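# Chains, contacts and geometry: an overview
Residue-level listing of the chains:
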Amino acid sequence: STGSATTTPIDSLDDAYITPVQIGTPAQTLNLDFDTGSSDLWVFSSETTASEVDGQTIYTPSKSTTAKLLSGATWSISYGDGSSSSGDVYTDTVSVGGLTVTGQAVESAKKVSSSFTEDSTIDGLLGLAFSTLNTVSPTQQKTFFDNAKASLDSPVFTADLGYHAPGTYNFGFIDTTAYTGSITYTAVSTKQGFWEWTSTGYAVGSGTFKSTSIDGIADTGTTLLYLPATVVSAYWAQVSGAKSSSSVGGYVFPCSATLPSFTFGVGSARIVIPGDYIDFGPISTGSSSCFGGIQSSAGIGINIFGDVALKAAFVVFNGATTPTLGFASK
Ligand SMILES: C[C@@H](NCCn1cccn1)c1ccc(F)cc1
């Protein structure tokens, strides 16, 4: 089997991407944030505290002929950004882009934090990290990918995120029309449950490439690129007037600037992030200070190749017995 679904940025900054997902029978279509940095498929639902719902589409298990309560199971998750949600669990039929899984754990939110309520465009998350991170208790559940792998033509999915444009998630095949050149594959550690890999170095603009190992995760659910303070300082030193603002919570730069590109290594290959991808616009409406898309990881504990980095590439998440990542330019 394969599936192919379009993913669409939620706003003009590419802060997140939503992908339609069919849940239940008859189908209930919800727009989910596909998140390679977590392992729970959770949704706004008929169970979500009414005051915490503001515009989202909800899943109503009682209207699905295929829904069943996963009796006794609960879940609770918090993300890197301090957001959280929790609830109970149903199993139901879930389809993405024409690929169907039966018996998928659909985690129904009873509570969501303010950051989810305030974003009316995201109806829940679909986790695509390793199932060892799934938060369902007392019986951990599998991701949609982990359940689909029993059926896919090839045990892979690919992320092809757009810059201020739609892109694609494919399951079970690699679209050789979607990238240029060749795909460079690199080793993955699953020790922390993430798609964790080691970049071979970086360059700033037209500068020399610095060969240096940078461990980090490929995380479609994180907007920005979080790297070591040394790397980030070297980047922003090339932008006149850029500074790390303690009042704003990272590097800001004059909105009049032209940003340099940023290159990261994948083995002997190089992925170039254009400078405009690193522009996240005014810090507040009408401001002439703009927020940077490359930020320090020093207060996280891990480096994160978020959307800023991933949308410069065609990315293969190889879930073969020994998982690997592939990157191609596009
Ligand atoms: C609550 C939420 N924001 C969606 C992303 N966004 C960035 C700026 C605005 N929206 C979220 C939190 C964590 C996460 F892994 C996914 C989604």
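This entry lists X-ray crystallography as its structure determination method and reports a resolution of 1.0000 Å.

### Regarding the domain arrangement of the protein
In terms of domain boundaries, the protein breaks down into domain 1 (5–174) and domain 2 (175–330). Centre-to-centre separation of domain 1 and domain 2, based on C-alpha positions: 25 Å. Between domain 1 and domain 2, the contact holds 30 residues from the first and 33 residues from the second. Linking domain 1 to domain 2 there are 2 salt bridges. A salt bridge links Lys311 to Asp14, with the shortest nitrogen-to-oxygen separation between them at 2.7 Å. Connecting domain 1 to domain 2 are 15 residue pairs in polar contact.

### What about the nonpolar core?
In this structure, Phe171, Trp236, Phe262, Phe264, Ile273 and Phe327 are the most contacted members of the largest nonpolar core, which totals 68 residues. Sort the elements by how many residues they give to this core and helix α3 (residues 229–236) lands first, with 4 residues. Counting contributing residues, this core receives three or more from each of domain 1 (5–174) and domain 2 (175–330). Contact partners of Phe262, with chain neighbours within four places excluded, come to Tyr202, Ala203, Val204, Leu225, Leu227, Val231, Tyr235, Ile271, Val272, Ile273, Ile278 and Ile294. With 16 residues, the next largest nonpolar core counts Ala16, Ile18, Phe116 and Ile122 among its residues.

### Remarks on the pairing of strand β20 (residues 289–292)
As paired elements, strand β16 (residues 250–254) and β20 share 3 bridges and run antiparallel to each other. In the sheet register, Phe253 faces β20, and the bridge partner there is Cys290.

### A closer look at α3
All of the buried residues along α3 are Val231, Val232, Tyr235 and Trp236. Axial view of α3: buried residues confined to an arc of 125°, hence all on one face.

### Observations regarding the state of the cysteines
Two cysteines, two sulfur atoms, one covalent bond between them: this is a disulfide. Taken as a whole, this structure holds 1 disulfide when the rule is applied. What pairs with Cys255 in a disulfide is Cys290, and their sulfur atoms sit 2.1 Å apart. With the S-S bond torsion at 110°, the cross-link from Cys255 to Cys290 turns out right-handed. Taken as a pair, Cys255 in the loop between β16 and β17 (262–266) and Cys290 in strand β20 lie far apart in primary sequence, 35 residues in all. A relative accessible area of 5% means that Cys290 is categorised as buried.

### A few points about the packing of aromatic side chains
Per the stated rule, a full pass over the model turns up 25 aromatic pairs. The interplanar angle of 90° and the centroid separation of 6.0 Å between the aromatic rings of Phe157 and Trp195 together place this pair among those described as edge-to-face. Pair noted here: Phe157 is in strand β9 (residues 156–160) and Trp195 is in the loop between β11 (184–187) and β12 (196–204), with a separation of 38 residues, a long-range link. For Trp195, a relative accessible area of 1% translates into the label buried. Aromatic side chains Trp195 and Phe317 sit 5.2 Å apart centroid to centroid with 85° between the ring planes, which places their arrangement in the edge-to-face category. Highlighted residues: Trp195 in the loop between β11 and β12 and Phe317 in strand β23 (residues 314–318), separated in sequence by 122 residues. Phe317 sits in the buried class, given a relative accessible area of 0%.

### Overview of the site of the ligand
Near the ligand lie 13 residues; those nearest to it are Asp33, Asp81, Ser83, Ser115 and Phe116. Elements with a minimum of two residues in the shell around the ligand: β3 (28–35) and α1 (114–117). Along the lines of polarity and charge, the residues of the shell around the ligand split into 5 nonpolar, 4 polar and 4 charged.

About the criteria used
- Residues numbered from 1 in each chain as written, not as in the entry; some residues may be left out.
- Heavy atoms only, no water.
- Residues with missing side-chain atoms left out of burial classes, pairs and counts.
- Domains from an automatic or database assignment.
- Contact = heavy atoms within 4.5 Å.
- Salt bridge = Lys/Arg side-chain N within 4 Å of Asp/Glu carboxyl O.
- Polar contact = N/O pair within 3.5 Å; in protein donor to acceptor, adjacent residues only side chain to side chain.
- Core = buried A, V, L, I, M, F, W, Y, C linked by side-chain atoms within 4.5 Å.
- Buried < 20%, exposed > 50% of the residue type's maximum accessible area, 1.4 Å probe, protein only.
- Helix = DSSP H or I, 4+ residues; strand = E, 2+ residues; numbered from the N terminus.
- Pairing = 2+ DSSP bridges.
- Arc of directions from axis to C-beta.
- Disulfide = S-S within 2.5 Å.
- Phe/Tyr/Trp six-rings, centres within 6.5 Å; stacked < 30°, edge-to-face > 60°.
- Near = heavy atom within 4 Å.
- Nonpolar A, V, L, I, M, F, W, Y, C, P; charged D, E, K, R; others polar.

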